[PDB]
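Let's start with one chain on its own, the form deposited in one PDB entry, as structure tokens.
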């Protein structure tokens, strides 16, 4: 089978470690145990990034009126300059927006030898005086801890002098094993030092969308639909977010969790501290969107909202049904593989299958066992040496602000009715039988998959795209969306389908072989 073909060329030590990272879902074992969230094998050609990417590049960067200062040499900053397409606009047309900038202390040899804290102090004050942002972030990079720079103290000293918040993040690149450690680092500080610090009055039908970063305008498309039904979108963490909206994230009745991996820490901690329940949402694909909207309406249990929900679902589907039929005509029967970071491999699936495309192989770069198998397995997971030193924070109920949002008996009834409250299932559950999962997929692995399965298409990222396409196979990007979007929401399905059909039917695919051969 494919697993043995993938493993064959590995040297014995590597083969034994990689074997557990590849599993096949079957009828007899629908939910196989996988090994995930372990160190990358050196030299294996991984697609993984670092904890600084996960912290600064992913979770915090999209907060548009906070100045994010990279405390490091220049590359850490340069490489986070607009490559990740989180979209921002000035709040109410007038607010601050730093999306087009990157900020750094541009560490030099003298900072490595003598410490960088004075330059950091000076950079924080320069940012404050030039920009007067809502807050300042300071992000560690590889050298920072090792050269002895206490950024937590520099931040606190600066914050007291300048009168706005300064948040330090110890997201040195070698922490953890992937971007995932960086998510955790970000969530710890966001939860303890930002969320709940505001004092805005809560509105009716208030929801937050958690773990949604407005890539290519996704969040605005989901907000369009949600607002038409009648919800108030209180906060999106963190796509197009202001600092003040994050401060007021506690002013909601329900947390929607789009990316479980990156934001589950805050979801769980908000439930503990404030009583706000969460549901998994998926705003990608007609089926995911509809099930999410139906689940939300059941939670709020309001006749008007429930009726508007159906009216809007019918109207949005009718407007795109001709396109959906077209996609299925043009694509059915084709096969795909998907490789993303920690979430999209899963969320896009309801969509390809709706077009008649069969997904054979899926993987994550850095997802944990919970993402694959469901959170049911979280008791069995134990942290290894390489991720042990990421701080685990504990919250306690806020005596002033805690509320029972959905009474316990209603919680019981919703769960029996299939609403995924404060719970999550996993990519494996809704994948069909016979299909393969590869955790931390590497170049070798991807090439065996391509040679043995000959998929019509293989969705991945920028590092894999041209590798796949040089072999005559279409590779559309699931991170950057090939500079398009939105791919979320009802309009997203149409954008995704249109780009995919366009890619498949590009005439040059058939012109690769010259006529003299």
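Shifts are known only where both forms have a C-alpha. Take the two forms, find the largest set of C-alpha atoms that superpose within 1.5 Å, and that set is the rigid core. Positions refer to the first chain, counted from 1.
Higher average CA B factor: 487 to 495, of the stretches 48 to 56 and 487 to 495. When the mean C-alpha temperature factors of 369 to 377 and 156 to 164 are read from the deposited coordinates, 369 to 377 comes out higher. As recorded in the entry, 309 carries the highest CA temperature factor of 248, 255, 309, 350. In this structure the maximum Cα B-factor among 217, 75, 342, 420 is found at 420. Remark: residue 97 belongs to the lowest third of its chain, ranked by C-alpha B-factor as recorded. In the deposited entry, the Cα temperature factor of residue 267 places it in the lowest third of its chain's modelled residues. Compared with the other modelled residues of the chain, the Cα B-factor recorded for residue 402 ranks in the highest third. Compared with the other modelled residues of the chain, the Cα B-factor recorded for residue 286 ranks in the highest third.
Compared with the other modelled residues of the chain, the Cα B-factor recorded for residue 364 ranks in the highest third.
Beyond the structure shown, there is the form deposited in another entry, which is absent from this document and is the topic of what follows.
Following superposition on the rigid core between the shown form and the other one, the residue from 414, 155, 225, 195 with a C-alpha displacement of 2 angstroms or more is 414, and no other.
After superposition on the rigid core, the Cα atom of residue 388 is displaced by 2 Å or more between the shown form and the other one. Put simply, residue 54 and residue 388 come closer in that other deposited form: their C-alpha atoms are 3 Å or more nearer than in the form shown. In that other deposited form, the CA atoms of residue 388 and residue 188 draw together by 3 angstroms or more relative to this form. In sequence order, 382 to 389, 408 to 417 are the runs of at least 3 residues present in both forms whose Cα atoms shift by 2 Å or more between the shown form and the other one once the core is superposed.
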